[PDB]
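Next up is one chain by itself, shown in structure tokens, the form deposited in one PDB entry.
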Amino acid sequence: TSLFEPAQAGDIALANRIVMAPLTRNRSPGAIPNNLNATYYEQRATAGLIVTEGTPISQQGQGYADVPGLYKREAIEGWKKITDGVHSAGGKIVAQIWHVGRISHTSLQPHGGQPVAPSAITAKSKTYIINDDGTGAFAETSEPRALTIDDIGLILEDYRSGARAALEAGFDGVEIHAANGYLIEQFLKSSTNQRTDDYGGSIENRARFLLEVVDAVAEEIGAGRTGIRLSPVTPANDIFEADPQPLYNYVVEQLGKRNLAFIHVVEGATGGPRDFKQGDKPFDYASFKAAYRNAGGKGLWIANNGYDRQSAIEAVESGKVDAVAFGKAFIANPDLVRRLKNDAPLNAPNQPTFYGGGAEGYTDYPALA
């Protein structure tokens, strides 16, 4: 199998195995995608699959300013322009449907409320907010409140409506954001979950919310249009788990039963070392993948974090992964697919323009002649 040949992720046909990883860029004021956002995604539509920037299912699920959501009619319309443009260029795109949990600020929440989380443990994290006068500012994340059972039910309904909104906006499917210390991970990992009900304690209880989200989304749009992103060891957003292997092997054993389109795995610390660990034992990614396959899992296995041309080619041809998602390289190389096919040089990403601002460092990276 070649990185450059087509693949199938559930119901979604991919023209190649080069995936655009989800990338928050904070360029959608009012939580509504705009015409500049459409240019940005259309420039990258030769990707076998685009995963959008995280897109919240609700205002409660927002944690950063100027992030596009799926909870306004105007936002659905803005996304429809994007998916139509990507499709006209021959591409495929899934929405990364998001709930940040405790990684938020009161100024972003409905009613000025506390962010919600499995347990009321404040993150040592920072976010991007807008003041009353319209000025932007960095802020420490706010003190969260612990979710009630009824609150959890309401969030599940928000995942249902968000998945439905994604289909209405023309997406080929969704990627459930269950990575990088956000709400689902807060339930999964030990440092954030001190609950004493059916959603805390045991591995089965800590995985319960994740699997309820998956089953809610899959029932709404079809398991063949549902994928999920996982990040077993990442330290993102102040989260810690000492024993990820039994936890995550259990999670994917259960996901292997659900006929999902794809599993997207961050290998290591997100944006940092691939060999990162938090606990005493290194994580075994082969054992993790085998737990999924041995349970019947047939989703496309998409790997991320620190790949380059040679390692991506080797990982697919060896059968370790089915596809490779690139993040920073897609920021800087709209025609990454052609550059990799031809072994052409890549543009370097400009970190200062990753977040916020306008076209500079967003739509003005050049393609090849």
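Shifts are known only where both forms have a C-alpha. Numbering starts at 1 and runs along the sequence shown. For clarity, a rigid core is taken as the largest C-alpha set superposing within 1.5 Å between two forms.
**Q** Comparing 225-233 with 81-89, which stretch shows the greater average C-alpha B-factor in the deposited entry?
**A** Result: 81-89.
**Q** On average, are the C-alpha B-factors higher in 179-187 or in 163-171?
**A** Averaging CA B-factors over each stretch, the winner is 163-171.
**Q** Which of these, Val324, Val51, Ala31, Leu336, has its C-alpha atom at the highest B-factor, as the entry lists it?
**A** That would be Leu336.
**Q** Using the entry's values, work out which of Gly200, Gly256, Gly136, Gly101 has the largest Cα B factor.
**A** The listed residue with the largest C-alpha B-factor is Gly136.
**Q** Thinking about Cα B factors across the chain, which third does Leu210 belong to?
**A** Tercile = lowest for this residue's CA B-factor.
**Q** Could you place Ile12 in the lowest, middle or highest third of its chain by Cα temperature factor, using the values in the record?
**A** Middle third - that is where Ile12 ends up once the chain's C-alpha B-factors are sorted.
**Q** Ranking the modelled residues of this chain by C-alpha B-factor as given in the entry, is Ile155 in the lowest, middle or highest third?
**A** Lowest third of the chain for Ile155's C-alpha B-factor.
**Q** Would you mind checking where the Cα B-factor of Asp243 ranks among the modelled residues of its chain, as the lowest, middle or highest third?
**A** For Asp243, the deposited C-alpha B-factor lands in the middle third.
**Q** Relative to the other modelled residues of the same chain, rank the CA B-factor of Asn304 and answer lowest, middle or highest third.
**A** Tercile = middle for this residue's CA B-factor.
The following text describes the form deposited in another entry, which does not appear among the structures shown.
**Q** Which residue, chosen from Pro110, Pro246, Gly134, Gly90, moves its CA by 2 Å or more between this form and the one not shown under a rigid core superposition?
**A** Residue with a C-alpha shift of 2 Å or more: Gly134.
**Q** Answer with closer or farther for the CA-CA spacing of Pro352 and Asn131 in the other form compared to the shown form; it moves by 3 Å or more.
**A** The answer is closer, because the C-alphas of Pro352 and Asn131 approach each other in the other form by 3 Å or more.
**Q** After the core superposition, state the residue ranges of at least 3 consecutive residues in which each CA shifts by 2 Å or more between this form and the one not shown.
**A** Only this run moves by 2 Å or more: 130-137.
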